[PDB]
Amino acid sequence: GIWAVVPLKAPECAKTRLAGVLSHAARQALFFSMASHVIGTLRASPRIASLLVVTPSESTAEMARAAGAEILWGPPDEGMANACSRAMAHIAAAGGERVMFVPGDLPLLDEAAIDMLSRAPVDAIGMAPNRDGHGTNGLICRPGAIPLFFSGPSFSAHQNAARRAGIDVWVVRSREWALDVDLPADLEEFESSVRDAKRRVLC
């Protein structure tokens, strides 16, 4: 009985840390591409009972419904932590057993990745770090086990929240969880695994 929660911005103010290397339109294109991939991946997962997108944008909300998500309104520019917290409280009020927070910028995410994080015991915090190992690209818990600390040194914050509460932690590290696209270096790493995949799978 896992609810998946994908927080998503307005497309006109998405991936601001790529504004040096992509145009306004190139950032919208990458934002939508990655988000319907994340949403579509969770939607096809036999492990995801329900799928909620949190967004302030009619544009984002229509794309998300079309990909099969239910929609929760959030105000703009509150950050991932408060958008996920809003959803967690709605899901908790509504009887939700477990919730998995997944950002919309994981272009390599697969069924294998969802399955592994969903195999954390119900009474633990499941936690998937980013490539530099300071951030959090997935967390699954009982609604209300810890408060949320997404963005910045989030991995540290989550681990410390679990320690304080004496709650077990299951860390899941993989190529597919770790690469979120925020920075130019991140986009190039994405581009580079997509060329590897032409060669390995095709030629």
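Don't overthink the numbering: it's just position in the shown sequence, from 1.
The PDB entry records a higher mean C-alpha B factor for 190 to 198 than for its counterpart among 190 to 198 and 12 to 20.
Comparing 84 to 92 with 98 to 106, the stretch with the higher mean C-alpha B-factor in the PDB entry is 84 to 92.
Comparing the C-alpha B-factors of 51, 165, 148, 171 in the entry, the top value falls on 165. Comparing C-alpha B-factors across 157, 39, 139, 26 in the deposited entry, the largest value falls on 26. Ranked by Cα temperature factor within the chain, residue 128 sits in the lowest third according to the deposited record.
Among the modelled residues of its chain, residue 44 has a C-alpha B-factor that falls in the highest third, as given in the PDB entry. Residue 30: CA B factor lies in the middle third for its chain, per the PDB record. In this PDB entry, residue 178 carries a Cα temperature factor that places it within the lowest third of its chain's modelled residues. Looking at the C-alpha B-factors along this chain, the one for residue 68 belongs to the highest third.
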